[PDB]
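Student: My file is protein-v6.cif. It has mmCIF, C-alpha atoms and all ligand atoms:
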data_data
#
loop_
_atom_site.label_atom_id
_atom_site.label_comp_id
_atom_site.auth_asym_id
_atom_site.auth_seq_id
_atom_site.Cartn_x
_atom_site.Cartn_y
_atom_site.Cartn_z
CA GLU U 1 -13.73 -19.55 7.91
CA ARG U 2 -16.48 -17.08 7.19
CA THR U 3 -19.91 -17.15 8.84
CA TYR U 4 -22.54 -15.28 6.91
CA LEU U 5 -25.03 -13.05 8.64
CA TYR U 6 -26.57 -11.48 5.56
CA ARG U 7 -26.44 -12.20 1.82
CA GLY U 8 -27.68 -9.24 -0.19
CA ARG U 9 -27.92 -7.55 -3.48
CA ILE U 10 -24.83 -5.42 -3.31
CA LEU U 11 -23.07 -6.86 -0.28
CA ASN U 12 -22.75 -9.74 2.13
CA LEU U 13 -22.01 -9.38 5.84
CA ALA U 14 -19.78 -12.04 7.35
CA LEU U 15 -17.91 -12.74 10.56
CA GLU U 16 -14.38 -14.12 10.46
CA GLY U 17 -13.47 -14.74 14.03
CA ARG U 18 -13.61 -11.36 15.63
CA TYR U 19 -13.68 -9.49 12.32
CA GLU U 20 -16.77 -8.00 10.72
CA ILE U 21 -16.38 -8.27 6.94
CA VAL U 22 -18.45 -6.84 4.15
CA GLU U 23 -18.06 -8.56 0.80
CA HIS U 24 -18.82 -6.27 -2.10
CA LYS U 25 -18.61 -6.47 -5.89
CA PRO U 26 -15.60 -4.75 -7.45
CA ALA U 27 -16.08 -1.31 -8.94
CA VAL U 28 -14.67 0.87 -11.72
CA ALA U 29 -14.24 4.63 -11.97
CA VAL U 30 -13.38 6.82 -14.96
CA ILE U 31 -11.28 9.99 -14.93
CA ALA U 32 -12.07 12.18 -17.99
CA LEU U 33 -10.84 15.72 -18.89
CA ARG U 34 -12.19 17.90 -21.62
CA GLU U 35 -11.18 21.56 -22.18
CA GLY U 36 -9.82 21.68 -18.62
CA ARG U 37 -13.02 20.36 -17.04
CA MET U 38 -13.25 17.02 -15.26
CA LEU U 39 -16.33 14.86 -15.71
CA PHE U 40 -17.94 14.58 -12.27
CA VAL U 41 -21.31 13.06 -11.43
CA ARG U 42 -23.61 13.52 -8.47
CA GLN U 43 -26.56 11.44 -7.29
CA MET U 44 -28.43 11.09 -4.07
CA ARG U 45 -26.58 8.54 -1.90
CA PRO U 46 -28.91 7.30 0.86
CA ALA U 47 -25.91 5.89 2.81
CA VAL U 48 -24.65 9.43 3.42
CA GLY U 49 -27.86 11.45 2.94
CA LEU U 50 -26.30 13.79 0.43
CA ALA U 51 -24.79 13.91 -3.12
CA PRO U 52 -21.03 13.95 -3.00
CA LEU U 53 -18.87 14.84 -6.01
CA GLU U 54 -17.90 11.60 -7.69
CA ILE U 55 -16.50 10.55 -11.08
CA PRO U 56 -18.45 8.08 -13.27
CA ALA U 57 -18.33 4.77 -11.45
CA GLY U 58 -20.20 1.53 -11.17
CA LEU U 59 -20.09 -2.12 -10.25
CA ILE U 60 -18.57 -4.74 -12.50
CA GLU U 61 -21.39 -7.05 -13.63
CA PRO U 62 -21.22 -10.80 -14.29
CA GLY U 63 -19.29 -11.57 -17.49
CA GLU U 64 -17.52 -8.20 -17.53
CA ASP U 65 -13.96 -7.28 -17.02
CA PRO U 66 -13.01 -3.86 -15.58
CA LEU U 67 -12.43 -2.19 -18.95
CA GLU U 68 -15.83 -3.27 -20.24
CA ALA U 69 -17.54 -2.12 -17.02
CA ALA U 70 -15.79 1.25 -17.30
CA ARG U 71 -17.03 1.68 -20.88
CA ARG U 72 -20.55 0.75 -19.85
CA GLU U 73 -20.70 3.05 -16.81
CA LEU U 74 -19.37 5.99 -18.78
CA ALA U 75 -22.02 5.51 -21.45
CA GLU U 76 -24.86 4.82 -19.05
CA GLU U 77 -24.12 7.69 -16.70
CA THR U 78 -23.01 10.37 -19.12
CA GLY U 79 -23.85 9.21 -22.68
CA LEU U 80 -20.12 9.31 -23.63
CA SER U 81 -17.53 6.92 -25.02
CA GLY U 82 -13.79 7.38 -25.07
CA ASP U 83 -10.38 5.78 -25.43
CA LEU U 84 -9.83 4.08 -22.03
CA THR U 85 -6.51 3.41 -20.33
CA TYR U 86 -6.11 1.51 -17.07
CA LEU U 87 -4.39 3.57 -14.35
CA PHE U 88 -4.44 1.79 -10.98
CA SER U 89 -6.67 0.14 -8.40
CA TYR U 90 -7.34 0.52 -4.68
CA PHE U 91 -9.21 -1.14 -1.86
CA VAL U 92 -11.81 1.38 -0.68
CA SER U 93 -11.51 0.45 3.04
CA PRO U 94 -9.68 -2.81 3.57
CA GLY U 95 -10.18 -2.77 7.36
CA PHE U 96 -13.73 -4.02 6.79
CA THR U 97 -14.62 -4.54 3.12
CA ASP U 98 -13.02 -6.27 0.12
CA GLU U 99 -14.41 -3.68 -2.35
CA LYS U 100 -11.74 -2.96 -4.94
CA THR U 101 -11.95 -0.07 -7.42
CA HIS U 102 -10.23 -0.10 -10.82
CA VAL U 103 -9.59 3.39 -12.18
CA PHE U 104 -9.35 4.31 -15.84
CA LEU U 105 -8.51 7.41 -17.84
CA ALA U 106 -10.79 8.30 -20.77
CA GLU U 107 -9.62 10.38 -23.72
CA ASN U 108 -11.20 11.63 -26.94
CA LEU U 109 -14.75 11.61 -25.55
CA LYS U 110 -17.66 11.50 -27.92
CA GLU U 111 -21.42 11.58 -27.31
CA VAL U 112 -22.84 8.15 -28.14
CA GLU U 113 -26.20 8.62 -26.33
CA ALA U 114 -28.32 11.75 -25.78
CA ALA U 115 -31.05 10.56 -11.46
CA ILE U 116 -27.35 11.02 -12.16
CA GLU U 117 -26.35 14.65 -12.68
CA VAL U 118 -23.44 15.29 -15.02
CA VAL U 119 -21.21 17.94 -13.54
CA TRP U 120 -18.34 19.15 -15.73
CA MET U 121 -16.09 21.20 -13.48
CA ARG U 122 -12.47 22.38 -13.44
CA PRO U 123 -10.69 20.17 -10.85
CA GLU U 124 -9.16 23.30 -9.35
CA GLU U 125 -12.65 24.53 -8.73
CA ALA U 126 -13.81 21.23 -7.28
CA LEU U 127 -10.89 21.30 -4.85
CA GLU U 128 -11.63 24.91 -3.81
CA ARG U 129 -15.37 24.22 -3.28
CA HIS U 130 -14.42 21.27 -1.15
CA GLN U 131 -11.91 23.24 0.94
CA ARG U 132 -14.67 25.83 1.50
CA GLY U 133 -17.18 23.19 2.71
CA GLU U 134 -19.43 23.55 -0.22
CA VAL U 135 -19.15 19.97 -1.54
CA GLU U 136 -18.08 16.61 -0.23
CA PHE U 137 -15.99 14.14 -2.19
CA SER U 138 -16.24 10.44 -2.70
CA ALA U 139 -12.90 8.57 -2.85
CA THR U 140 -13.33 8.37 -6.65
CA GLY U 141 -13.89 12.16 -6.94
CA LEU U 142 -10.84 12.92 -4.76
CA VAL U 143 -8.67 10.44 -6.64
CA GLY U 144 -9.75 12.10 -9.93
CA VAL U 145 -8.86 15.57 -8.65
CA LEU U 146 -5.49 14.49 -7.20
CA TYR U 147 -4.60 12.50 -10.30
CA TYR U 148 -5.29 15.53 -12.49
CA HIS U 149 -3.14 17.79 -10.36
CA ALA U 150 -0.34 15.24 -10.33
CA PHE U 151 -0.28 14.24 -13.97
CA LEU U 152 -2.64 16.11 -16.29
CA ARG U 153 -1.69 19.77 -16.07
CA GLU M 1 -36.32 4.97 8.15
CA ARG M 2 -33.55 2.52 8.86
CA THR M 3 -34.11 -1.11 9.86
CA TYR M 4 -31.14 -2.67 11.58
CA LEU M 5 -30.01 -6.17 10.75
CA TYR M 6 -26.77 -6.15 12.70
CA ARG M 7 -25.20 -3.86 15.31
CA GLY M 8 -21.49 -4.53 15.67
CA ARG M 9 -18.20 -3.38 16.93
CA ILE M 10 -16.99 -1.52 13.90
CA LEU M 11 -20.13 -1.36 11.79
CA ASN M 12 -23.89 -1.67 11.67
CA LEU M 13 -25.84 -3.16 8.76
CA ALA M 14 -29.15 -1.50 7.97
CA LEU M 15 -31.81 -1.54 5.28
CA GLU M 16 -33.34 1.71 4.05
CA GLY M 17 -36.02 0.68 1.66
CA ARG M 18 -34.21 -1.14 -1.06
CA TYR M 19 -30.77 0.10 0.02
CA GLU M 20 -28.24 -1.90 1.99
CA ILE M 21 -26.33 0.51 4.23
CA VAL M 22 -23.29 -0.02 6.38
CA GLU M 23 -22.79 2.51 9.14
CA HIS M 24 -19.17 2.89 10.14
CA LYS M 25 -17.17 5.14 12.45
CA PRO M 26 -15.28 7.96 10.75
CA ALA M 27 -11.59 7.50 10.10
CA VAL M 28 -8.41 9.59 9.83
CA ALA M 29 -5.29 9.11 7.71
CA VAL M 30 -1.92 10.86 7.88
CA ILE M 31 0.35 11.73 4.95
CA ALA M 32 3.98 12.18 6.11
CA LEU M 33 7.19 12.76 4.06
CA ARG M 34 10.70 12.59 5.35
CA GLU M 35 13.84 12.78 3.15
CA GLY M 36 11.70 11.94 0.11
CA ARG M 37 10.15 8.84 1.70
CA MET M 38 6.46 8.54 2.52
CA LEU M 39 5.39 6.85 5.74
CA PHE M 40 3.38 3.78 4.70
CA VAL M 41 2.12 1.00 6.95
CA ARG M 42 1.09 -2.55 6.21
CA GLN M 43 -0.88 -5.04 8.30
CA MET M 44 -2.78 -8.18 7.59
CA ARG M 45 -6.33 -7.22 6.55
CA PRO M 46 -8.62 -10.26 6.86
CA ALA M 47 -11.27 -8.53 4.69
CA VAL M 48 -8.94 -8.74 1.69
CA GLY M 49 -6.62 -11.58 2.75
CA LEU M 50 -3.49 -9.56 2.14
CA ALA M 51 -1.53 -6.48 3.39
CA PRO M 52 -2.07 -3.52 1.12
CA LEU M 53 0.10 -0.39 1.25
CA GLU M 54 -1.67 2.11 3.46
CA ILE M 55 -0.74 5.31 5.30
CA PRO M 56 -1.21 5.54 9.09
CA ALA M 57 -4.94 5.50 9.69
CA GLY M 58 -7.46 4.66 12.33
CA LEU M 59 -10.95 5.18 13.65
CA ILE M 60 -11.96 8.28 15.57
CA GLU M 61 -12.80 7.20 19.14
CA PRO M 62 -15.46 8.63 21.45
CA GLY M 63 -14.48 12.10 22.72
CA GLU M 64 -11.98 12.69 19.91
CA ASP M 65 -12.00 15.06 17.05
CA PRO M 66 -10.21 14.19 13.78
CA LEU M 67 -6.99 16.04 14.62
CA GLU M 68 -6.67 14.26 17.96
CA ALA M 69 -7.38 10.87 16.35
CA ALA M 70 -4.74 11.58 13.70
CA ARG M 71 -2.16 12.39 16.39
CA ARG M 72 -3.03 9.23 18.29
CA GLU M 73 -2.91 6.90 15.27
CA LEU M 74 0.41 8.28 14.14
CA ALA M 75 1.92 7.71 17.58
CA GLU M 76 0.35 4.30 18.11
CA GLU M 77 1.21 2.92 14.69
CA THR M 78 4.63 4.43 14.11
CA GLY M 79 5.86 5.96 17.40
CA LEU M 80 5.99 9.45 15.78
CA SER M 81 4.53 12.88 16.42
CA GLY M 82 4.44 15.81 14.04
CA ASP M 83 2.90 19.15 13.15
CA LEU M 84 -0.50 18.19 11.65
CA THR M 85 -2.46 20.13 9.05
CA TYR M 86 -5.93 19.18 7.82
CA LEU M 87 -6.07 18.59 4.06
CA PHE M 88 -9.45 17.19 2.97
CA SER M 89 -11.97 14.43 3.55
CA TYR M 90 -13.73 11.80 1.45
CA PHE M 91 -16.45 9.20 1.69
CA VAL M 92 -14.75 5.84 1.11
CA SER M 93 -17.69 4.31 -0.86
CA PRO M 94 -20.86 6.33 -0.50
CA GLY M 95 -22.96 3.88 -2.56
CA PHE M 96 -23.16 1.65 0.52
CA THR M 97 -21.35 3.03 3.57
CA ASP M 98 -21.22 6.37 5.41
CA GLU M 99 -17.53 5.91 6.35
CA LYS M 100 -15.80 9.27 6.01
CA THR M 101 -12.01 9.70 6.12
CA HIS M 102 -10.30 12.92 7.23
CA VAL M 103 -6.79 13.29 5.82
CA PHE M 104 -3.96 15.21 7.45
CA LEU M 105 -0.42 16.17 6.53
CA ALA M 106 2.29 15.68 9.17
CA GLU M 107 5.52 17.68 9.19
CA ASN M 108 8.59 17.82 11.42
CA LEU M 109 8.25 14.22 12.62
CA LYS M 110 9.91 13.17 15.82
CA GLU M 111 10.12 9.79 17.58
CA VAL M 112 8.03 9.96 20.75
CA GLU M 113 7.80 6.17 21.32
CA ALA M 114 10.28 3.38 20.53
CA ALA M 115 1.41 -6.19 13.94
CA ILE M 116 1.70 -2.96 11.98
CA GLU M 117 4.79 -2.79 9.77
CA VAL M 118 6.27 0.64 9.19
CA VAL M 119 7.26 0.98 5.57
CA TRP M 120 9.12 4.16 4.62
CA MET M 121 9.17 4.25 0.83
CA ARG M 122 9.62 6.84 -1.92
CA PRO M 123 6.11 7.44 -3.36
CA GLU M 124 7.56 7.08 -6.85
CA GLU M 125 8.65 3.63 -5.87
CA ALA M 126 5.31 2.75 -4.32
CA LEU M 127 3.58 3.78 -7.54
CA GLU M 128 5.98 1.72 -9.68
CA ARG M 129 5.62 -1.41 -7.48
CA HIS M 130 1.88 -1.04 -7.77
CA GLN M 131 1.93 -0.64 -11.56
CA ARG M 132 4.05 -3.82 -11.69
CA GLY M 133 1.56 -5.82 -9.57
CA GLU M 134 3.84 -6.15 -6.66
CA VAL M 135 1.69 -4.31 -4.09
CA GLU M 136 -1.93 -3.30 -3.72
CA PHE M 137 -3.05 0.06 -2.39
CA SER M 138 -5.71 1.06 0.05
CA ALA M 139 -7.56 4.31 -0.78
CA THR M 140 -5.47 6.05 1.92
CA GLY M 141 -2.18 4.79 0.38
CA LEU M 142 -3.23 5.89 -3.13
CA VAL M 143 -4.43 9.27 -1.89
CA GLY M 144 -1.05 9.75 -0.14
CA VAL M 145 0.89 8.89 -3.30
CA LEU M 146 -1.26 11.11 -5.56
CA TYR M 147 -1.19 13.99 -3.10
CA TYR M 148 2.61 13.85 -2.97
CA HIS M 149 2.91 13.86 -6.74
CA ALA M 150 0.47 16.75 -7.02
CA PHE M 151 1.76 19.00 -4.27
CA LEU M 152 4.91 17.87 -2.48
CA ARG M 153 7.61 17.60 -5.13
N1 LIG W 201 -13.21 -5.71 10.31
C1 LIG W 201 -13.08 -5.56 11.66
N2 LIG W 201 -14.07 -5.92 12.52
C2 LIG W 201 -13.88 -5.89 13.85
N3 LIG W 201 -12.89 -5.17 14.46
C3 LIG W 201 -11.84 -4.77 13.70
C4 LIG W 201 -11.91 -4.83 12.23
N4 LIG W 201 -10.72 -4.28 11.72
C5 LIG W 201 -10.02 -3.87 12.84
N5 LIG W 201 -10.69 -4.13 13.96
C6 LIG W 201 -10.39 -3.73 15.36
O1 LIG W 201 -10.58 -2.31 15.44
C7 LIG W 201 -9.35 -1.64 15.76
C8 LIG W 201 -9.28 -0.48 14.74
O2 LIG W 201 -7.92 -0.14 14.47
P1 LIG W 201 -7.65 1.34 13.88
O3 LIG W 201 -6.14 1.58 13.55
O4 LIG W 201 -8.37 2.37 14.65
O5 LIG W 201 -8.39 1.30 12.47
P2 LIG W 201 -8.02 0.63 11.04
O6 LIG W 201 -6.59 0.95 10.66
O7 LIG W 201 -8.59 -0.71 11.11
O8 LIG W 201 -9.02 1.47 10.07
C9 LIG W 201 -8.62 2.81 9.58
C10 LIG W 201 -9.14 2.98 8.18
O9 LIG W 201 -8.20 2.26 7.34
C11 LIG W 201 -8.77 1.21 6.57
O10 LIG W 201 -9.15 1.71 5.26
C12 LIG W 201 -10.02 0.92 7.35
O11 LIG W 201 -10.99 0.33 6.53
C13 LIG W 201 -10.44 2.26 7.95
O12 LIG W 201 -11.16 2.98 6.93
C14 LIG W 201 -8.30 -2.68 15.48
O13 LIG W 201 -7.15 -2.65 16.32
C15 LIG W 201 -8.96 -4.03 15.72
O14 LIG W 201 -8.94 -4.17 17.14
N1 LIG W 202 -26.63 0.61 -1.04
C1 LIG W 202 -27.30 -0.05 -2.03
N2 LIG W 202 -27.96 -1.22 -1.80
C2 LIG W 202 -28.73 -1.79 -2.73
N3 LIG W 202 -28.64 -1.50 -4.07
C3 LIG W 202 -28.01 -0.35 -4.42
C4 LIG W 202 -27.20 0.40 -3.44
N4 LIG W 202 -26.62 1.49 -4.12
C5 LIG W 202 -27.03 1.35 -5.43
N5 LIG W 202 -27.80 0.28 -5.59
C6 LIG W 202 -28.33 -0.33 -6.84
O1 LIG W 202 -27.20 -0.88 -7.54
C7 LIG W 202 -27.02 -0.24 -8.81
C8 LIG W 202 -25.50 0.07 -8.84
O2 LIG W 202 -25.25 1.23 -9.65
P1 LIG W 202 -23.75 1.39 -10.23
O3 LIG W 202 -23.56 2.72 -11.03
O4 LIG W 202 -23.27 0.14 -10.84
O5 LIG W 202 -22.87 1.56 -8.92
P2 LIG W 202 -22.63 2.79 -7.89
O6 LIG W 202 -22.34 4.06 -8.66
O7 LIG W 202 -23.68 2.64 -6.88
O8 LIG W 202 -21.26 2.30 -7.17
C9 LIG W 202 -19.95 2.54 -7.81
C10 LIG W 202 -18.94 2.83 -6.74
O9 LIG W 202 -19.16 4.22 -6.38
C11 LIG W 202 -19.48 4.44 -5.01
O10 LIG W 202 -18.27 4.70 -4.26
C12 LIG W 202 -20.00 3.09 -4.62
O11 LIG W 202 -19.87 2.90 -3.24
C13 LIG W 202 -19.22 2.09 -5.46
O12 LIG W 202 -17.95 1.87 -4.81
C14 LIG W 202 -27.83 1.02 -8.69
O13 LIG W 202 -28.44 1.50 -9.88
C15 LIG W 202 -28.96 0.70 -7.73
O14 LIG W 202 -29.90 0.00 -8.53
MN MN W 203 -22.87 4.70 -10.62
MN MN W 204 -24.84 3.56 -13.20
MN MN W 205 -28.77 12.44 -15.73
MN MN W 206 -4.88 1.42 11.84
MN MN W 207 -4.04 1.51 15.17
MN MN W 208 5.09 -2.55 14.24
#
Would you write the structure of this file as structure tokens?
Ligand SMILES: Nc1ncnc2c1ncn2[C@@H]1O[C@H](COP(=O)(O)OP(=O)(O)OC[C@H]2O[C@H](O)[C@H](O)[C@@H]2O)[C@@H](O)[C@H]1O
Ligand SMILES: Nc1ncnc2c1ncn2[C@@H]1O[C@H](COP(=O)(O)OP(=O)(O)OC[C@H]2O[C@H](O)[C@H](O)[C@@H]2O)[C@@H](O)[C@H]1O
Ligand SMILES: [Mn+2]
Ligand SMILES: [Mn+2]
Ligand SMILES: [Mn+2]
Ligand SMILES: [Mn+2]
Ligand SMILES: [Mn+2]
Ligand SMILES: [Mn+2]

Tutor:
Amino acid sequence: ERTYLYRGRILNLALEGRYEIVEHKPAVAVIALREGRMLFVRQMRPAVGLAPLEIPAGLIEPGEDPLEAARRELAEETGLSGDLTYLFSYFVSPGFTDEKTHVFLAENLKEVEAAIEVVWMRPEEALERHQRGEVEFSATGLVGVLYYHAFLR
Amino acid sequence: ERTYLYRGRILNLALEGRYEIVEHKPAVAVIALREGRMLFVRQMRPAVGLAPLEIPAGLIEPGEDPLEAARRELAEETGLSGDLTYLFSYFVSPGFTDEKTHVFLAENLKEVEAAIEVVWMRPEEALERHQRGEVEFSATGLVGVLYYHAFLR
């Protein structure tokens, strides 16, 4: 049984016996390569007090499925559309939250539309800047970089 | 300025203006290969109501640095010790929490010690079971699988 301590906009906090649980909407993230650059985004993230390197990502809204949310986030954050393929999903931190992220690949990007900074960057370069302490990653940014190195070279 | 709504054992819930923020201890995770198998673990995770495929992981305790926490978690969860190398870090979900995960590689594993299920499994097989819907991943499990495919074949 869950007891709710807080019902919010983007999360709920519950207790389930001794466990502290944060309920959170599911998310999507989009991996996109063009001319050897990966599409990263950065924005201020008050939770961490900095702007980590992320890939385009967002919450799934009411009525939407993951593919539709992925299309919307890509367009809203970067002005692009592409051919989207589902890759895999993961729980961001299942020791305390149910947030699940669905990850897509986007191909054949086109500008559909001309706060969030678009940062095209070679993944090799993102990984080197991170190893040197120059940038932090979100899980989505790291998953994009590792996926590229595994499968897209 | 943060306003605190809840101060807990493994998180705090705060408001920072319009943002809902969950403070959380930093974590470590350990990627380990032996004879082509990756060291996964599974445990029931009440937040998600299932046991996703993870790698050995845990919270950094008071007094510890990430390397020490990684050594401890590996031993406590799997009875093993190894030669540990720092790889990279990521924020699990920086749109709402400050949880940061430090990821290590372990080599030359040895049994130091004879709830958490140890699951040695080829990463190729973990990825195929996940694509087929048979298992879910945590971020740490997916990062382990992608890192292997990128760098350890
Ligand atoms: N939700 C909870 N609330 C209260 N206490 C808990 C909770 N979960 C576990 N405990 C207690 O806290 C102790 C913590 O066990 P350790 O191995 O250091 O951590 P980990 O594996 O949980 O988390 C490691 C990362 O992996 C996952 O992605 C997580 O989300 C983290 O990001 C447990 O024995 C319980 O006593
Ligand atoms: N902590 C917050 N609390 C309140 N509202 C917020 C918060 N953060 C953003 N908003 C509002 O909610 C809207 C959400 O913007 P969208 O693009 O769909 O989501 P995303 O990119 O934030 O999160 C995507 C994933 O990436 C990260 O890993 C996250 O942790 C997620 O896992 C914002 O415009 C704000 O109005
Ligand atoms: Mn977003
Ligand atoms: Mn957005
Ligand atoms: Mn912009
Ligand atoms: Mn653990
Ligand atoms: Mn443990
Ligand atoms: Mn066990």

Student: Distance cut-off 6 Å, counting only C-alpha atoms - which residues of chain M neighbour chain U? Return them as a list in words.

Tutor: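 Therefore, the residues near the partner are residues 21, 45, 47, 48, 90, 91, 92, 95, 96, 97, 98, 137, 138, 139, 146, 147, 149 and 150 of chain M.
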
Student: Store the residues of this selection in a file with C-alpha atoms, as a PDB file, in the frame of the given file.

Tutor:
ATOM      1  CA  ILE M  21     -26.330   0.510   4.230  1.00  0.00           C
ATOM      2  CA  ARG M  45      -6.330  -7.220   6.550  1.00  0.00           C
ATOM      3  CA  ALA M  47     -11.270  -8.530   4.690  1.00  0.00           C
ATOM      4  CA  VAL M  48      -8.940  -8.740   1.690  1.00  0.00           C
ATOM      5  CA  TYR M  90     -13.730  11.800   1.450  1.00  0.00           C
ATOM      6  CA  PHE M  91     -16.450   9.200   1.690  1.00  0.00           C
ATOM      7  CA  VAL M  92     -14.750   5.840   1.110  1.00  0.00           C
ATOM      8  CA  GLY M  95     -22.960   3.880  -2.560  1.00  0.00           C
ATOM      9  CA  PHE M  96     -23.160   1.650   0.520  1.00  0.00           C
ATOM     10  CA  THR M  97     -21.350   3.030   3.570  1.00  0.00           C
ATOM     11  CA  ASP M  98     -21.220   6.370   5.410  1.00  0.00           C
ATOM     12  CA  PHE M 137      -3.050   0.060  -2.390  1.00  0.00           C
ATOM     13  CA  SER M 138      -5.710   1.060   0.050  1.00  0.00           C
ATOM     14  CA  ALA M 139      -7.560   4.310  -0.780  1.00  0.00           C
ATOM     15  CA  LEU M 146      -1.260  11.110  -5.560  1.00  0.00           C
ATOM     16  CA  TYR M 147      -1.190  13.990  -3.100  1.00  0.00           C
ATOM     17  CA  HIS M 149       2.910  13.860  -6.740  1.00  0.00           C
ATOM     18  CA  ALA M 150       0.470  16.750  -7.020  1.00  0.00           C
TER      19      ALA M 150
END

Student: Would you mind listing the residues within 8 Å of ligand MN 205 (chain W), counting only C-alpha atoms and all ligand atoms, as a VMD selection string?

Tutor: chain U and resid 77 to 78 115 to 118

Student: Please check which residues have atoms at most 6 Å from (3.5, 19.9, 12.9) in the file's coordinates, counting all atoms listed in the file, and write them as a list in words.

Tutor: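 The residues near that point, listed by chain and number, are residues 82, 83, 84, 106, 107 and 108 of chain M.
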
Student: Kindly provide, as an NGL selection string, all nucleotide and amino acid residues lying within 9 Å of ligand MN 207 (chain W), counting all atoms listed in the file.

Tutor: :M and (56-59 or 72-77 or 116)

Student: Could you tell me how far atom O3 of ligand LIG 201 (chain W) lies from atom CA of residue 81 of chain M, in Å and to one decimal?

Tutor: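 Separation of atom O3 of ligand LIG 201 (chain W) and atom CA of residue 81 of chain M: 15.8 Å.
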
Student: For the atom pair atom CA of residue 30 of chain U and atom CA of residue 66 of chain U, what is the interatomic distance in Å to one decimal place?

Tutor: 10.7 Å

Student: When you count only C-alpha atoms and all ligand atoms, which of these residues is closest to ligand MN 204 (chain W): U:69, U:2, U:113, U:34?

Tutor: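 Ranking U:69, U:2, U:113, U:34 by distance to ligand MN 204 (chain W), first place goes to U:69.
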
Student: Please indicate the distance in Å from atom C9 of ligand LIG 202 (chain W) to atom CA of residue 28 of chain U, rounded to one decimal place.

Tutor: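 One can read the atom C9 of ligand LIG 202 (chain W) to atom CA of residue 28 of chain U distance as 6.8 Å.
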
Student: Rank M:132, M:71, M:37, M:42 by their smallest atom-to-atom distance to ligand MN 206 (chain W), using only C-alpha atoms and all ligand atoms, and report the top residue only.

Tutor: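 Among M:132, M:71, M:37, M:42, it is M:42 that comes nearest to ligand MN 206 (chain W).
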
Student: Given all atoms listed in the file as the basis, pick out the residue of U:135, U:112, U:29, U:119 nearest to ligand MN 203 (chain W).

Tutor: U:29

Student: I want to know what sits within 9 Å of residue 36 of chain U, based on only C-alpha atoms, with residues of the same chain fewer than 6 positions away left out; could you give that as number ranges by chain?

Tutor: U: 121-123, 153

Student: M:35, M:111, M:61, M:1: which is nearest ligand LIG 201 (chain W), counting all atoms listed in the file?

Tutor: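 Once distances to ligand LIG 201 (chain W) are computed over all atoms listed in the file, the minimum belongs to M:61.
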
Student: Between M:79, M:25, M:7, M:32, which has the minimum distance to ligand MN 208 (chain W) (counting all atoms listed in the file)?

Tutor: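 For ligand MN 208 (chain W), the nearest of the given residues is M:79.
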
Student: Hey, which of M:102, M:63, M:33, M:85 ends up closest to ligand LIG 201 (chain W)? Count only C-alpha atoms and all ligand atoms.

Tutor: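 Between M:102, M:63, M:33, M:85, the residue approaching ligand LIG 201 (chain W) most closely is M:102.
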
Student: Rebuild segment 95-106 of chain M to N, CA and C atoms - output it as a short mmCIF file (atom, residue, chain, number, x, y, z; two decimals), keeping the file's coordinate frame, please.

Tutor:
data_model
loop_
_atom_site.label_atom_id
_atom_site.label_comp_id
_atom_site.auth_asym_id
_atom_site.auth_seq_id
_atom_site.Cartn_x
_atom_site.Cartn_y
_atom_site.Cartn_z
N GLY M 95 -21.85 4.72 -2.09
CA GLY M 95 -22.96 3.88 -2.56
C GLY M 95 -23.42 2.85 -1.55
N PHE M 96 -22.64 2.61 -0.47
CA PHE M 96 -23.16 1.65 0.52
C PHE M 96 -22.75 1.96 1.97
N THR M 97 -21.73 2.78 2.19
CA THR M 97 -21.35 3.03 3.57
C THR M 97 -21.22 4.53 3.80
N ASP M 98 -21.42 4.95 5.07
CA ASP M 98 -21.22 6.37 5.41
C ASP M 98 -19.81 6.63 5.91
N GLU M 99 -18.87 5.66 5.82
CA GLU M 99 -17.53 5.91 6.35
C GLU M 99 -16.89 7.13 5.68
N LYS M 100 -16.44 8.06 6.50
CA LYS M 100 -15.80 9.27 6.01
C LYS M 100 -14.38 9.31 6.57
N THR M 101 -13.41 9.64 5.75
CA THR M 101 -12.01 9.70 6.12
C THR M 101 -11.51 11.15 6.06
N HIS M 102 -10.90 11.60 7.16
CA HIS M 102 -10.30 12.92 7.23
C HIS M 102 -8.80 12.79 7.11
N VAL M 103 -8.22 13.47 6.15
CA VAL M 103 -6.79 13.29 5.82
C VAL M 103 -5.97 14.48 6.28
N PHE M 104 -4.86 14.21 6.95
CA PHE M 104 -3.96 15.21 7.45
C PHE M 104 -2.59 15.10 6.85
N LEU M 105 -1.85 16.17 6.80
CA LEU M 105 -0.42 16.17 6.53
C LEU M 105 0.35 16.26 7.84
N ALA M 106 1.43 15.52 8.00
CA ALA M 106 2.29 15.68 9.17
C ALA M 106 3.67 16.13 8.70
#
